[PDB]
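>>> this one's experimental. Sequence and coordinates below.
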Amino acid sequence: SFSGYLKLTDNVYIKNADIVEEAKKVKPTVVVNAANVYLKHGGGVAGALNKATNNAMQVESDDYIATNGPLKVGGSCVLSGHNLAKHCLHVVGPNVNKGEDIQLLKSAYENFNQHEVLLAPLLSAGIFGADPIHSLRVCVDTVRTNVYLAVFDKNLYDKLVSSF
Ligand SMILES: CNC(=O)c1cc2c(N[C@H](c3ccc4c(c3)OCCO4)C(C)C)ncnc2[nH]1
C-alpha cells in the first residue's frame with residue numbers, strides 16, 4: 001500500500017515524506033526507527049515516532065533496556081510498532097557527531113535484510129552527522145529486501161534523486 005514512491009533500483013524506493021505520517025496512512029509490517037544504543041527517543045525520527053505513540057514506544061524501550069542492556073552501534077532489536085506498524089525495527093547507525101565509525105553504517109543497513117518489506121528513514125543522516133548521499137549509496141549497495149525510504153526534507157530529497 002505504499003504510494004507515490006520513486007523507484008531508484010529493483011528493491012529501493014524513495015519519497016519526500018515525514019515517516020510518521022507515512023506510517024499512519026500505510027500501517028506497514030515494519031517501520032524502521034533511527035535509534036541510539038540506549039533507545040532514548042529524544043529527537044529526530046526517534047522523538048517524532050515516539051510522540052506519535054503517546055510515549056508508549058519509550059516505556060516499552062525502557063523495559064527492553066532494563067532487561068537486555070544497550071544495543072551495539074550497527075545493531076538492532078524488534079519491538080512493537082504500536083499505532084504506526086506491526087513492528088518497529090530499532091536500528092543504531094553510527095553518530096558521526098560522537099566519533100562513531102562511519103564504516104558501521106553498512107552493518108546498520110544489514111539489519112534491514114531480515115525483513116521482507118520496510119518503511120525507513122536514511123540511516124545516520126540528520127542529527128547523526130553522516131552525508132545523506134553516502135547513506136543512500138550504502139543503502140542501495142547493502143539492502144536486498146524491499147525498502148521504502150521516507151525523506152522529510154524536500155531540498156535533500158531533490159539532491160538525493162538528482163545525484164543518484
Ligand atoms: C516531526 N517529524 C520529524 O521530525 C521527522 C524527521 C524525519 C526524517 N528526517 C531525516 C533523518 C534521517 C535520519 C535520521 C534522522 C532524520 O533523525 C536522526 C537520525 O536518523 C532527514 C531528512 C532530516 N525522515 C523522515 N521522517 C522524519 N520525521
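Right, received. Where do you want to start? Residues are numbered from 1 along each chain as shown.
>>> from now on I want contacts and neighbour counts done on CA atoms only, so please keep to that.
Fine.
>>> for the residue of the chain positioned farthest from its centre, helix, strand, or coil?
In the chain, residue 67 marks the outermost C-alpha relative to the chain mean, sitting 23.4 Å out by CA atoms, centre = their mean. Put simply, residue 67 is helix when judged by DSSP: H, G, I helix; E, B strand; the rest coil.
>>> also residue 77?
strand.
>>> and this structure, which residues reach the ligand?
18-20, 34, 44-45, 48, 121-128, 150-153 (CA under 6 Å from any ligand atom).
>>> just these: which are in helices?
19, 20, 44, 45, 48 (DSSP state H).
>>> and the gap between the third one and residue 18?
It refers to residue 44. 11 Å (CA to CA, to the nearest Å).
>>> which residues are in contact with each of those two?
Residues touching both residue 44 and residue 18 by CA atoms under 8 Å, 6 or more residues apart in numbering: none at all.
>>> that older thread, contacts only, for the residue farthest from the centre of the chain.
Counting by CA under 8 Å, 6+ apart, residue 67 has no contacts.
>>> would you map the helices across the chain?
19-26, 44-52, 56-68, 104-110, 132-142, 154-163.
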